[PDB]
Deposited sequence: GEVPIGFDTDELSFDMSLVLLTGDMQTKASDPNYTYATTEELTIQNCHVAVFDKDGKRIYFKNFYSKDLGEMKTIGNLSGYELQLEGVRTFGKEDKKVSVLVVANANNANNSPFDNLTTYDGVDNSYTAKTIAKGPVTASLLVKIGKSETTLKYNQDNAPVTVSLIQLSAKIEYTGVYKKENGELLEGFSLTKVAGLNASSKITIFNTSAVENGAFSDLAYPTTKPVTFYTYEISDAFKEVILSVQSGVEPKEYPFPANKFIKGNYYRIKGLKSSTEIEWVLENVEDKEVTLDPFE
């Protein structure tokens, strides 16, 4: 005795600061679990399966079909669906051998990915939703709201404190302390939860907009090396201020003395300085 369901899945990347690249999903891993956290179904989707990015004004996302989710037929069955976007390998995902959501061995909560945020169009997103599979009844769509597992950081230069005029020079030469490792079951876009850490090199193209996974250690720093004449000076920021699913701007204020740095949380419209 066994019944088979097909689920309609909606992946929402955004609900106007994120670029089309940063909203792109090229591949994903979808996992379905029972009430006890046992994985009953999983599927790895790629660009031909994900289809096109649908957009209705302010909203944007992808539609997916989960064919052949097997149950054992006892009316309604409450389940949860977890989506990990842009972390798959060529033909499979690193999560394929994870048989439980929360467990001691081979679990999604224990899983750490070490592939750092570098490409805007291949940024990892994660989401989880709870639903009920209605037996011998017509299907209904289930939406999964995905968050950005990385933080977005834009260095916008050094300005004159007196008039707000942008100064020439003050080139970003180095960013040290960016994180390339992360947990995949953390969804709070307001608190730092990632305990995983490994060094993420600052690209040789020295970009002004760059990414990192969260850093929980209160003693870790993200250090910016900006030109101040002959030798570039180091400027440290608390690594735990950059939370996943947020966009930040680093601005400096020159006053013929030192530089007064400003950390802005763009979506929240908040600023933090000394």
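Unmodelled regions (deposited sequence positions with no C-alpha coordinates, counted from 1) are 1-9, 25-34, 294-296.
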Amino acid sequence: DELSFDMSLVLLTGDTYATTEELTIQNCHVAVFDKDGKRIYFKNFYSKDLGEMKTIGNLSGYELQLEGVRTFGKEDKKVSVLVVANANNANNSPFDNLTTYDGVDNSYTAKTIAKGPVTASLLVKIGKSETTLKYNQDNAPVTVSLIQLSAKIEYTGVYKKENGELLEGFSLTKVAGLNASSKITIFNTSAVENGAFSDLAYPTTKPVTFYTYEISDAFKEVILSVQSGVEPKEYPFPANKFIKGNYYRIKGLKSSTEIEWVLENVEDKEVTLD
From here on, numbers count along this sequence of modelled residues.
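Mean CA B-factor, 25-33 versus 50-58: the higher value falls on 50-58. Between 200-208 and 67-75, it is 67-75 that carries the larger average Cα temperature factor according to the deposited entry. The entry lists C-alpha B-factors for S107, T189, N92, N139, and the highest of these is at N139. Set against one another, the Cα B-factors of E193, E165, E154, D96 in the record reach their highest point at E165.
Sort the modelled residues of the chain by CA B factor and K160 lands in the highest third. When the CA B factors of the chain's modelled residues are split into thirds, the value for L133 lands in the highest one. Looking at the C-alpha B-factors along this chain, the one for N246 belongs to the lowest third. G127: CA B factor lies in the lowest third for its chain, per the PDB record. Ranked by Cα temperature factor within the chain, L11 sits in the lowest third according to the deposited record.
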